[PDB]
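Okay, so here's just one chain, in structure tokens, the form deposited in one PDB entry.
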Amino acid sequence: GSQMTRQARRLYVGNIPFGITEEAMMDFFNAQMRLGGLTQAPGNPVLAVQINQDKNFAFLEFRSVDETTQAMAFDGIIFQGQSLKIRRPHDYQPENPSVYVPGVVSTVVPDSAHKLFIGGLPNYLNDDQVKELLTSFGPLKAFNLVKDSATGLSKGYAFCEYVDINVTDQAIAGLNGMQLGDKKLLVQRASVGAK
């Protein structure tokens, strides 16, 4: 495509499932965007995928600026149990999707009054599983399971924010102290124990 808009037609995709091929990634995004009506014309919006195997991220290149922007709305989409972290390239300079997709929960969890910290999670649970645990109390607005920056594996804690701020206290009362195997969950507002 045009060299002039290249930076506005590419996205960083982190937290990709181990072993995923570039072809699988491309088919997944192309399918998800088409099935979701996130396309502006017939055909496949994603033109290329470059995976960095060692760091578990990919860069996707799109055929248009507007479809790239729409793809940002898939941040947090679940792919093989993993919440995909979709971000602009750091060298991108304008941009906000004009359509939200059901069933996608952002992985951007800004510090805020009702941001929750969830500690003591068993390390074998994937994003989808921890998210299902939390969504028992209500729909989430944002969620991120912290991963080992070397192996991409869970570090045993997460942060989230519910759509309804009133669920925050219900989740604390229900989950704080709960026993999971030998672990005991710590669920509190993240501001309380922030570094």
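One rule holds for the numbers: they count along the sequence shown, beginning at 1.
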Check: Between residues given as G103 and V104, how many of the deposited sequence are not built: none, 1 to 3, 4 to 9, or 10 or more?
Finding: none
Next item on the list: Quick one: say whether 177 to 185 or 11 to 19 has the higher mean Cα B-factor in the deposited entry.
Entry: 177 to 185
Check: Mean C-alpha B factor from the entry: is it higher for 107 to 115 or for 121 to 129?
Finding: 121 to 129
Notebook entry, point to check: Taking the values straight from the PDB record, which of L134, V46, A150, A58 has the highest C-alpha temperature factor?
Noted result: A150
Checklist line | Maximum C-alpha temperature factor, selected from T39, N30, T68, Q50 | finding: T39
Check: Once the chain's modelled residues are ordered by C-alpha B factor and cut into thirds, is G76 in the lowest, middle or highest one?
Finding: lowest
Margin query: Splitting the chain's C-alpha B-factors into thirds, which one does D54 fall into?
Written below: highest
Margin query: What third of the chain does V146 rank in for C-alpha temperature factor, lowest, middle or highest?
Written below: middle
Notebook entry, point to check: If you rank every modelled residue in this chain by C-alpha B factor, which third holds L35: lowest, middle or highest?
Noted result: highest
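There is also a form deposited in another entry; it is not shown, and the following applies to it.
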Check: in the other form, do the Cα atoms of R88 and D164 sit closer or farther apart than here, given a shift of 3 Å or more?
Finding: closer
